[PDB]
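K.L.:
I have a structure here, written as structure tokens, and I will follow up with some questions on it.
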Amino acid sequence: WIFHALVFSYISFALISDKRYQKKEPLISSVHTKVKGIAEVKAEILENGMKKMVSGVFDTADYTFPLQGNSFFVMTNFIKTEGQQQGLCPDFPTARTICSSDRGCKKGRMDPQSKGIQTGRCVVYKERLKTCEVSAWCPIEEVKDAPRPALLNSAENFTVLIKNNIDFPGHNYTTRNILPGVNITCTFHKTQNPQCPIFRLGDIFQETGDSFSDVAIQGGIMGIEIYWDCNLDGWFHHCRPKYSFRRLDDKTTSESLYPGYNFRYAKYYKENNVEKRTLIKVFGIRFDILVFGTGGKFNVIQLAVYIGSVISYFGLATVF
Amino acid sequence: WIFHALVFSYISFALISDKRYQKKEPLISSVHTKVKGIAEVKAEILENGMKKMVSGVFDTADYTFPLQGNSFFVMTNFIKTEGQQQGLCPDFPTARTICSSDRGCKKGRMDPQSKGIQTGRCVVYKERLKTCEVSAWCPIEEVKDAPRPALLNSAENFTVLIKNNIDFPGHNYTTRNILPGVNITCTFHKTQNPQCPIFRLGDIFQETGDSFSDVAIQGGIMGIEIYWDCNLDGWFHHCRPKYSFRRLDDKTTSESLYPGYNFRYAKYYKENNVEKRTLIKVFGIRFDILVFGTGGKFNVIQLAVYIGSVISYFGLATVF
Amino acid sequence: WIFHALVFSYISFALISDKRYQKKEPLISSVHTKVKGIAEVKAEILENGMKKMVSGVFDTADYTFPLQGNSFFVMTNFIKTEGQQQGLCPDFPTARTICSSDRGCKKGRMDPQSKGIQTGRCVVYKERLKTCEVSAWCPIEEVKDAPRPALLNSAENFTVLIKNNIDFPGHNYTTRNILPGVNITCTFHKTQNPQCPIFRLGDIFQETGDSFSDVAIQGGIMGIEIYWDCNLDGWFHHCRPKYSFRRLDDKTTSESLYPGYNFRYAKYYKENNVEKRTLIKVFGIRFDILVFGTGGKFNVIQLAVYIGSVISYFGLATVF
Ligand SMILES: C[C@@H]1c2nnn(-c3ncc(F)cn3)c2CCN1C(=O)c1cccc(C(F)(F)F)c1Cl
Ligand SMILES: C[C@@H]1c2nnn(-c3ncc(F)cn3)c2CCN1C(=O)c1cccc(C(F)(F)F)c1Cl
Ligand SMILES: C[C@@H]1c2nnn(-c3ncc(F)cn3)c2CCN1C(=O)c1cccc(C(F)(F)F)c1Cl
Ligand SMILES: *[C@@H]1O[C@H](CO)[C@@H](O)[C@H](O)[C@H]1NC(C)=O
Ligand SMILES: *[C@@H]1O[C@H](CO)[C@@H](O)[C@H](O)[C@H]1NC(C)=O
Ligand SMILES: *[C@@H]1O[C@H](CO)[C@@H](O)[C@H](O)[C@H]1NC(C)=O
Ligand SMILES: *[C@@H]1O[C@H](CO)[C@@H](O)[C@H](O)[C@H]1NC(C)=O
Ligand SMILES: *[C@@H]1O[C@H](CO)[C@@H](O)[C@H](O)[C@H]1NC(C)=O
Ligand SMILES: *[C@@H]1O[C@H](CO)[C@@H](O)[C@H](O)[C@H]1NC(C)=O
């Protein structure tokens, strides 16, 4: 007869822990972010074998874009090429693009590593070096790695404020990330301040486990997961978020898979009645905000179904 | 023996109402929107203590961007500053940025309310007023409230057409929000026309409960929830959407939390061989389209499981 | 007594096939795409009744934008209008905008098919043709169809590489689309190579069922569904994706519903100290990446609940 009570105790433990008496429903989320911080860029680079100085001040309008699709982008490094115009120009000296005569490459060939339409004419590029010219924007962008000191390294000091509004459409419940009457002067901490939504990017990378400088050198992808485990029952009601960080970057470190996060941005203008384009290769950090959760509310039908499923179980337990 | 029939009646009530005989599947959605309307802007503003006239016509290409991430943006107000260039300039007179001598502020200090790198030199700004200069884009943008009459108030008359395509991957079912052979000349109404997807922004604000002018003064965020409650069984098949509107804005009304929705847009160009930037502080309404739903189809396994779980229930009910 | 074994056989059938012993949890996805390919555009068009030649080379920075909201856009056709400035100009000759005298149209009228504010003055447009002028950007963009040969037809030869990172937050499981030590030189095939994520757009349209030329003529919307059916149990562990393609475009083919996918892009500049705008009507293909799935792991509670639910079932089966 002791088993008759042990089974009932296990049933009660299951009902309490698993919350089998509640209907659980998914979450509908909306995110709004604001990034603040200014960076003083001052460095020296080598463009086309010539030393150049990059100096300036970047404010919020110079390194980011408004949030779109629960994600915002923070720019950290750039390579600029100015004065490009459509025409004919030799390709960059490379093993695939090198030639000794015009027969080395054929007209109309398209190479994956090239940004021009080949025309088959091996012209001298520089210092008795011959490459076969292509029809594209000229001059061809120099193939170089990102600067070894990150240009916008101070971006590790920027602060992002996140507002999350969640709704459970089946129930009549909607709430927000920032409750009224809460401090707005915060720097997020795992234990000291786990609820104020102001995050520091360097702190995010510190908790996750990487170094901000190395990632910002070639860009990357990170994600801020906001988990909502909400109990909406009147007796025990609690609906608060939990913040975690996870690097979504693949860390391929292989040139064939395009490691890191980067893209190309184009600005078109006119000079001396000639159309021109300037190309900025931008390396940055892409922050995703993955908001997930569920909400449970008491339901009579679910409780009845669970009790019915348990009734035969403990009946057999008594019988056996 | 009457309880033996009452339990069975409740059994059938639960089975019919809760649809316990149906496997339920989430929804995969795709949204495509088109916003139309032109606004004639004509007003007078005060920039740097001087009266200026803003007059023009804004078409679809001048106040919105293509939909990205199930959300589109509608511009409603702006503050323009043209002719900025990198250099040294005094900051705007403010309690934090004010000084009587050069010792008031230190070089290299960064202030959250300032957009420049401080250099520590208290120079005259205007009319025997001294502030310590910073290195940034100059002249520093004037911090002022949005114009009391909303510039793009006529944006309340714009019309948005929404096309939603939903799919249930587990089942072989996909459908669209606009069925064939339906009127395309519509203005959405709660009761008169609840299925045609052409919405008027002013009407959205009217059903939601706010006023378009006040929200458009400082921006805001709304969400157009499209709920799909679809029964895919052949006997009783119905898959139609229901439209609701909900304001996702936090309505903080506190300057520390950045009330409303706004951002900064930058346009870079060259003038007299000098690089320059023009900055537009844009206030607008961000419309989100939260599409959620589920689809249920008859499943033998679910029906068998429910019947088995309730068999012990009514057996005990008869026994007791 | 044979039924006593048949019921148990169906019991095992349901438990094995339906995986009723597993707790199933949804998926959290992050997508990162890279599109490559250059198109040599060379064609002749008719603008304002005059023959013009469009020739150039488009690289990755000239026909696409960085991925935002699990979707990327590839431009395929464009119509350019340059030199627009704010002012008064007659509208395009149309049945709605035609007039014989100034009384034909009234000042301030807003027509849906026009992009200007009517001022009520029927002036000559061209060759003894009278339309009433409007205040807007001038000259009014010509109402013409897209060029019959798609300008960026070669966009069917572009290649897109997709990296998907999925996480099951409830369990301690995260994985990626590209496993280590796998070939990166691929062209996706239904049977020959179903796991390498390099897709050719022409191949996507071939598997889906349409022709790339017709779709690219007026634009369209497509979706690449990545389905993750993952079993995380140690005995039988497999978590691999399956790729499918589906056209999300409505295919309305009715002018009132705006068939295809297109938008208007604006570039603002200054010429001779006069503000000017150039408008590009862009037709392109919007690729969506709908990632969905679920992950199941063994749970004792679910197994106990299913066993309790089915115990009464087979008990009645024996009794009956
Ligand atoms: C136009 C060019 C540009 N175009 N897009 N874009 C961009 N990229 C990615 C984004 F997420 C947002 N914005 C930028 C960045 C700033 N840009 C600048 O010229 C610039 C501005 C300030 C200071 C300096 C300095 F320090 F070098 F002198 C420069 Cl060079
Ligand atoms: C370049 C500047 C600009 N840059 N971005 N942008 C923008 N902002 C947010 C978006 F969602 C989309 N587009 C705008 C708006 C229009 N712009 C204008 O100059 C302009 C155009 C027409 C009429 C007038 C008028 F009435 F003032 F004379 C002006 Cl001032
Ligand atoms: C500025 C203008 C422009 N502005 N935005 N934009 C755009 N649209 C949609 C996107 F998804 C991304 N980018 C474009 C495309 C290229 N553009 C060009 O001028 C251009 C460039 C190269 C060759 C030629 C050629 F062949 F005609 F000579 C031209 Cl005409
Ligand atoms: C970030 O700020 C701290 C002080 O708040 C400063 O010591 C540090 O140098 C800054 N980071 C960079 C990259 O300059
Ligand atoms: C915020 O925190 C400060 C100290 O960090 C504390 O003195 C203050 O009471 C808190 N609340 C408000 C509203 O400032
Ligand atoms: C919107 O249109 C109505 C007429 O359709 C007009 O009376 C009203 O003034 C317009 N709104 C604004 C802000 O002008
Ligand atoms: C659309 O509505 C009008 C009146 O609002 C009605 O006369 C017409 O029959 C409806 N259907 C179509 C296809 O126009
Ligand atoms: C795409 O490439 C193939 C060869 O790889 C070529 O035959 C075809 O003409 C190209 N497509 C277009 C539209 O030129
Ligand atoms: C890739 O495929 C080629 C042939 O398609 C094969 O020879 C090679 O072994 C594969 N793996 C690698 C790593 O190249």
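Ordering of the structure tokens sets the chain letters (A, B, ...); residue numbers start at 1 within each chain; ligands are numbered from 1 in the order shown.
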Return as a ChimeraX atom specification the residues of protein, DNA or RNA that approach ligand 2 to within 7 Å, with only C-alpha atoms and all ligand atoms taken into account.
P.N.:
/B:41,54-58,61-65,73-75,265,267,282 /C:268
K.L.:
Could the residues in this selection be written to a file with N, CA and C atoms, as a short mmCIF file (atom, residue, chain, number, x, y, z; two decimals), in the first residue's frame?
P.N.:
data_model
loop_
_atom_site.label_atom_id
_atom_site.label_comp_id
_atom_site.auth_asym_id
_atom_site.auth_seq_id
_atom_site.Cartn_x
_atom_site.Cartn_y
_atom_site.Cartn_z
N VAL B 41 3.89 69.66 -48.12
CA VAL B 41 4.44 70.25 -46.91
C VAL B 41 4.63 71.74 -47.14
N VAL B 54 9.67 75.99 -45.22
CA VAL B 54 9.80 74.65 -45.78
C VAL B 54 8.58 74.40 -46.65
N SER B 55 8.80 74.24 -47.95
CA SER B 55 7.72 74.02 -48.91
C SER B 55 8.16 72.96 -49.91
N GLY B 56 7.26 72.02 -50.20
CA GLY B 56 7.56 70.98 -51.17
C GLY B 56 6.45 69.96 -51.23
N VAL B 57 6.67 68.96 -52.08
CA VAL B 57 5.74 67.85 -52.27
C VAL B 57 6.51 66.56 -52.07
N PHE B 58 5.98 65.68 -51.23
CA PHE B 58 6.60 64.40 -50.91
C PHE B 58 5.78 63.28 -51.52
N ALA B 61 8.56 58.00 -52.77
CA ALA B 61 10.00 57.81 -52.67
C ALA B 61 10.66 58.76 -51.67
N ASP B 62 9.91 59.66 -51.05
CA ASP B 62 10.48 60.70 -50.20
C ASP B 62 10.18 60.54 -48.72
N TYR B 63 9.35 59.57 -48.32
CA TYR B 63 9.02 59.42 -46.91
C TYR B 63 8.97 57.98 -46.42
N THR B 64 9.45 57.01 -47.19
CA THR B 64 9.38 55.63 -46.76
C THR B 64 10.50 54.83 -47.43
N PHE B 65 10.67 53.60 -46.96
CA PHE B 65 11.64 52.65 -47.46
C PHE B 65 10.95 51.32 -47.71
N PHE B 73 8.37 51.79 -42.50
CA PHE B 73 8.52 53.06 -41.81
C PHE B 73 7.88 54.18 -42.63
N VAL B 74 7.15 55.06 -41.95
CA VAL B 74 6.50 56.20 -42.58
C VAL B 74 7.03 57.46 -41.92
N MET B 75 7.71 58.29 -42.71
CA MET B 75 8.26 59.54 -42.20
C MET B 75 7.16 60.55 -41.91
N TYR B 265 19.70 60.46 -39.88
CA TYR B 265 20.10 60.05 -41.22
C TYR B 265 21.17 61.01 -41.73
N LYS B 267 23.67 62.29 -45.05
CA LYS B 267 23.96 62.33 -46.47
C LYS B 267 25.30 63.03 -46.67
N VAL B 282 15.04 62.43 -38.01
CA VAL B 282 13.78 61.96 -38.59
C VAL B 282 12.93 61.36 -37.48
N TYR C 268 19.39 62.06 -53.98
CA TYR C 268 19.33 63.51 -53.96
C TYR C 268 20.73 64.10 -54.05
#
K.L.:
Please identify all protein, DNA and RNA residues within 8 Å of ligand 5, counting only C-alpha atoms and all ligand atoms, and report them as a list in words.
P.N.:
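Result of the 8 Å neighbour search around ligand 5: residues 181, 182, 183, 184, 185 and 186 of chain A.
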K.L.:
For the selection you just gave me, I'd like the residues written to a file as a compact mmCIF listing (two decimals), in the first residue's frame, keeping N, CA, C and O atoms.
P.N.:
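Result went into out_28.txt, see below:
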# COMPACT_ATOMS: atom_id res chain seq x y z
N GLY A 181 9.07 53.04 -13.08
CA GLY A 181 9.77 53.28 -11.83
C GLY A 181 11.02 52.45 -11.63
O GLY A 181 11.25 51.94 -10.53
N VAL A 182 11.82 52.29 -12.68
CA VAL A 182 13.07 51.54 -12.61
C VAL A 182 14.20 52.44 -13.09
O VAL A 182 14.01 53.30 -13.96
N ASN A 183 15.38 52.25 -12.51
CA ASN A 183 16.54 53.07 -12.85
C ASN A 183 16.89 52.93 -14.33
O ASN A 183 16.80 51.85 -14.91
N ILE A 184 17.31 54.04 -14.93
CA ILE A 184 17.78 54.07 -16.31
C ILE A 184 19.28 54.30 -16.38
O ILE A 184 19.85 54.31 -17.47
N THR A 185 19.94 54.48 -15.24
CA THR A 185 21.39 54.62 -15.17
C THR A 185 21.96 53.26 -14.78
O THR A 185 22.00 52.90 -13.60
N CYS A 186 22.39 52.49 -15.78
CA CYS A 186 22.79 51.11 -15.56
C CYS A 186 23.90 50.70 -16.52
O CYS A 186 24.07 51.27 -17.60
K.L.:
Contacts from chain B to chain C, 8 Å maximum, only C-alpha atoms: show me the residue list as a tab-separated table (two decimals) with N, CA, C and O atoms, in the first residue's frame.
P.N.:
chain	number	residue	atom	x	y	z
B	28	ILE	N	3.74	29.69	-41.28
B	28	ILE	CA	4.88	30.32	-41.93
B	28	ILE	C	4.35	31.43	-42.82
B	28	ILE	O	3.56	31.17	-43.73
B	30	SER	N	4.68	35.29	-45.04
B	30	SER	CA	5.43	36.26	-45.83
B	30	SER	C	4.54	37.46	-46.12
B	30	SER	O	3.37	37.30	-46.49
B	36	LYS	N	0.88	54.23	-50.39
B	36	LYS	CA	0.61	55.26	-51.38
B	36	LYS	C	0.05	56.50	-50.72
B	36	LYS	O	-0.62	56.43	-49.68
B	37	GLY	N	0.31	57.64	-51.36
B	37	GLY	CA	-0.11	58.94	-50.86
B	37	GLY	C	0.97	59.99	-51.01
B	37	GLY	O	2.15	59.69	-50.82
B	38	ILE	N	0.59	61.21	-51.36
B	38	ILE	CA	1.53	62.32	-51.50
B	38	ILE	C	1.12	63.42	-50.54
B	38	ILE	O	-0.07	63.69	-50.33
B	40	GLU	N	1.69	67.46	-49.26
B	40	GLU	CA	2.15	68.81	-49.59
B	40	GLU	C	2.58	69.49	-48.30
B	40	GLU	O	1.74	69.85	-47.47
B	56	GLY	N	7.26	72.02	-50.20
B	56	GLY	CA	7.56	70.98	-51.17
B	56	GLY	C	6.45	69.96	-51.23
B	56	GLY	O	5.43	70.07	-50.55
B	57	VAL	N	6.67	68.96	-52.08
B	57	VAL	CA	5.74	67.85	-52.27
B	57	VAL	C	6.51	66.56	-52.07
B	57	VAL	O	7.57	66.36	-52.68
B	58	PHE	N	5.98	65.68	-51.23
B	58	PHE	CA	6.60	64.40	-50.91
B	58	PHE	C	5.78	63.28	-51.52
B	58	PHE	O	4.58	63.15	-51.21
B	59	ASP	N	6.40	62.48	-52.37
B	59	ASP	CA	5.78	61.31	-52.96
B	59	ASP	C	6.29	60.06	-52.24
B	59	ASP	O	7.00	60.14	-51.23
B	60	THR	N	5.94	58.89	-52.77
B	60	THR	CA	6.24	57.63	-52.08
B	60	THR	C	7.74	57.44	-51.88
B	60	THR	O	8.16	56.78	-50.93
B	61	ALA	N	8.56	58.00	-52.77
B	61	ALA	CA	10.00	57.81	-52.67
B	61	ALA	C	10.66	58.76	-51.67
B	61	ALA	O	11.88	58.66	-51.47
B	62	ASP	N	9.91	59.66	-51.05
B	62	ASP	CA	10.48	60.70	-50.20
B	62	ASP	C	10.18	60.54	-48.72
B	62	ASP	O	10.70	61.33	-47.92
B	66	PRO	N	11.50	50.50	-48.60
B	66	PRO	CA	10.89	49.19	-48.86
B	66	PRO	C	10.84	48.33	-47.60
B	66	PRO	O	11.71	48.42	-46.74
B	68	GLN	N	11.18	45.67	-44.83
B	68	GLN	CA	12.26	44.78	-44.42
B	68	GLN	C	11.95	44.25	-43.03
B	68	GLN	O	11.74	45.03	-42.10
B	69	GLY	N	11.94	42.93	-42.89
B	69	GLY	CA	11.65	42.31	-41.61
B	69	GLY	C	10.23	42.50	-41.12
B	69	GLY	O	10.02	42.74	-39.93
B	70	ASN	N	9.25	42.40	-42.02
B	70	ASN	CA	7.83	42.49	-41.68
B	70	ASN	C	7.50	43.80	-40.98
B	70	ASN	O	6.73	43.84	-40.01
B	165	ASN	N	1.00	35.90	-47.37
B	165	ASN	CA	0.99	34.54	-47.89
B	165	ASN	C	1.42	33.61	-46.76
B	165	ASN	O	2.53	33.74	-46.23
B	176	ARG	N	-3.34	32.70	-49.40
B	176	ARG	CA	-2.99	34.11	-49.44
B	176	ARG	C	-4.08	34.95	-48.80
B	176	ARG	O	-5.22	34.51	-48.62
B	184	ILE	N	-10.85	45.41	-54.96
B	184	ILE	CA	-9.59	46.04	-54.60
B	184	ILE	C	-9.77	47.51	-54.23
B	184	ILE	O	-8.81	48.17	-53.84
B	301	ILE	N	-4.22	9.57	-34.48
B	301	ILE	CA	-3.43	9.31	-33.28
B	301	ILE	C	-3.85	10.23	-32.14
B	301	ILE	O	-3.99	9.79	-30.99
B	305	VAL	N	-5.43	9.03	-28.60
B	305	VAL	CA	-4.79	9.38	-27.33
B	305	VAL	C	-5.78	10.08	-26.41
B	305	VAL	O	-5.85	9.78	-25.21
B	306	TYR	N	-6.55	11.03	-26.94
B	306	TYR	CA	-7.53	11.73	-26.11
B	306	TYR	C	-8.59	10.77	-25.58
B	306	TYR	O	-8.96	10.82	-24.40
B	307	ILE	N	-9.09	9.89	-26.45
B	307	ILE	CA	-10.11	8.93	-26.02
B	307	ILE	C	-9.56	8.02	-24.94
B	307	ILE	O	-10.24	7.74	-23.94
B	308	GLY	N	-8.33	7.54	-25.10
B	308	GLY	CA	-7.73	6.69	-24.09
B	308	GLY	C	-7.53	7.41	-22.77
B	308	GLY	O	-7.76	6.84	-21.70
B	309	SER	N	-7.11	8.67	-22.82
B	309	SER	CA	-6.90	9.43	-21.60
B	309	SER	C	-8.20	9.74	-20.87
B	309	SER	O	-8.20	9.87	-19.65
B	310	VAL	N	-9.30	9.86	-21.60
B	310	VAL	CA	-10.58	10.18	-20.97
B	310	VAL	C	-11.38	8.93	-20.60
B	310	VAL	O	-12.34	9.01	-19.82
B	311	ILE	N	-10.99	7.76	-21.14
B	311	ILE	CA	-11.68	6.51	-20.82
B	311	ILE	C	-11.57	6.22	-19.32
B	311	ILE	O	-12.57	5.91	-18.66
B	312	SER	N	-10.36	6.32	-18.77
B	312	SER	CA	-10.19	6.10	-17.34
B	312	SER	C	-10.97	7.13	-16.54
B	312	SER	O	-11.51	6.81	-15.47
K.L.:
Could you give me, as a Markdown table, every chain A residue with an atom at most 10 Å from ligand 4, plus its closest atom pair and distance in Å to one decimal, counting only C-alpha atoms and all ligand atoms, rows ordered by chain then number?
P.N.:
| residue | atom | partner | partner_atom_place_in_ligand_line | distance |
| --- | --- | --- | --- | --- |
| A:39 | CA | ligand 4 | 14 (O) | 8.6 |
| A:40 | CA | ligand 4 | 14 (O) | 8.9 |
| A:150 | CA | ligand 4 | 13 (C) | 9.2 |
| A:151 | CA | ligand 4 | 13 (C) | 9.7 |
| A:152 | CA | ligand 4 | 13 (C) | 8.1 |
| A:153 | CA | ligand 4 | 13 (C) | 5.0 |
| A:154 | CA | ligand 4 | 13 (C) | 3.8 |
| A:155 | CA | ligand 4 | 13 (C) | 7.1 |
| A:156 | CA | ligand 4 | 13 (C) | 6.4 |
| A:157 | CA | ligand 4 | 1 (C) | 4.9 |
| A:158 | CA | ligand 4 | 1 (C) | 8.5 |
| A:202 | CA | ligand 4 | 1 (C) | 8.8 |
| A:212 | CA | ligand 4 | 13 (C) | 9.5 |
| A:213 | CA | ligand 4 | 13 (C) | 8.5 |
K.L.:
Store the residues of this selection in a file with N, CA and C atoms, as a tab-separated table (two decimals), in the first residue's frame.
P.N.:
chain	number	residue	atom	x	y	z
A	39	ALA	N	33.27	57.75	-31.44
A	39	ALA	CA	34.61	57.18	-31.53
A	39	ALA	C	35.53	58.12	-32.29
A	40	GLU	N	36.70	58.39	-31.73
A	40	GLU	CA	37.71	59.23	-32.37
A	40	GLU	C	38.68	58.32	-33.11
A	150	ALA	N	42.28	47.78	-35.13
A	150	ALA	CA	40.92	48.08	-35.55
A	150	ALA	C	40.68	49.59	-35.51
A	151	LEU	N	40.11	50.12	-36.59
A	151	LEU	CA	39.92	51.56	-36.69
A	151	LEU	C	38.92	52.06	-35.66
A	152	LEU	N	37.75	51.44	-35.60
A	152	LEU	CA	36.76	51.76	-34.58
A	152	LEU	C	36.83	50.77	-33.42
A	153	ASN	N	38.01	50.69	-32.80
A	153	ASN	CA	38.17	49.85	-31.62
A	153	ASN	C	37.36	50.40	-30.45
A	154	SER	N	37.32	51.73	-30.31
A	154	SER	CA	36.55	52.37	-29.25
A	154	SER	C	35.07	52.01	-29.30
A	155	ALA	N	34.62	51.33	-30.36
A	155	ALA	CA	33.25	50.85	-30.41
A	155	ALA	C	32.96	49.83	-29.32
A	156	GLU	N	33.99	49.28	-28.68
A	156	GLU	CA	33.76	48.42	-27.53
A	156	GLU	C	33.17	49.18	-26.35
A	157	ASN	N	33.25	50.51	-26.36
A	157	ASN	CA	32.74	51.33	-25.27
A	157	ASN	C	31.33	51.85	-25.52
A	158	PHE	N	30.71	51.50	-26.65
A	158	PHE	CA	29.37	51.99	-26.95
A	158	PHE	C	28.34	51.28	-26.07
A	202	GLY	N	31.55	45.69	-25.07
A	202	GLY	CA	32.69	45.02	-24.47
A	202	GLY	C	32.28	44.04	-23.38
A	212	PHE	N	36.99	41.60	-28.02
A	212	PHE	CA	36.32	42.50	-28.96
A	212	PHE	C	37.26	42.93	-30.08
A	213	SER	N	38.55	43.10	-29.78
A	213	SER	CA	39.48	43.59	-30.79
A	213	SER	C	39.60	42.59	-31.95
K.L.:
As a PyMOL selection string, please: every residue in stretch 60-186 of chain B that a backbone DSSP assignment puts in helix (DSSP H, G or I).
P.N.:
chain B and resi 60-62+102-104+153-157
K.L.:
Can you work out which one of A:109, A:226, A:232, A:99 has the shortest atom-to-atom distance to ligand 8, counting only C-alpha atoms and all ligand atoms?
P.N.:
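Looking at the shortest contact to ligand 8, the residue is A:109.
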K.L.:
May I ask for the distance between atom CA of residue A:173 and atom CA of residue B:210, given in Å to one decimal place?
P.N.:
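These atoms are spaced 20.0 Å apart.
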K.L.:
Between atom CA of residue A:27 and atom CA of residue A:228, what is the distance in Å, rounded to a tenth?
P.N.:
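Value for the atom CA of residue A:27-atom CA of residue A:228 distance: 8.4 Å.
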K.L.:
What's the separation between atom CA of residue B:31 and atom CA of residue B:239, in Å to one decimal place?
P.N.:
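About the pair atom CA of residue B:31 and atom CA of residue B:239: they are 17.0 Å apart.
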K.L.:
Neighbours of residue C:34 within 7 Å (only C-alpha atoms; same-chain residues fewer than 5 positions away dropped), as a PyMOL selection string?
P.N.:
chain C and resi 160-162
K.L.:
Using C-alpha atoms, can you export the residues from the last selection as a PDB file, in the first residue's frame?
P.N.:
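Full text of result.pdb as output:
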ATOM      1  CA  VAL C 160      24.215  32.613 -53.218  1.00  0.00           C
ATOM      2  CA  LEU C 161      25.879  30.958 -50.219  1.00  0.00           C
ATOM      3  CA  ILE C 162      23.698  30.550 -47.122  1.00  0.00           C
TER       4      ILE C 162
END
K.L.:
Please return as a ChimeraX atom specification: the residues of stretch 42-207 of chain B that backbone DSSP assigns to strand (DSSP E or B).
P.N.:
/B:42-47,50-58,64,71-90,98,117-124,130-138,159-168,173-176,198-200
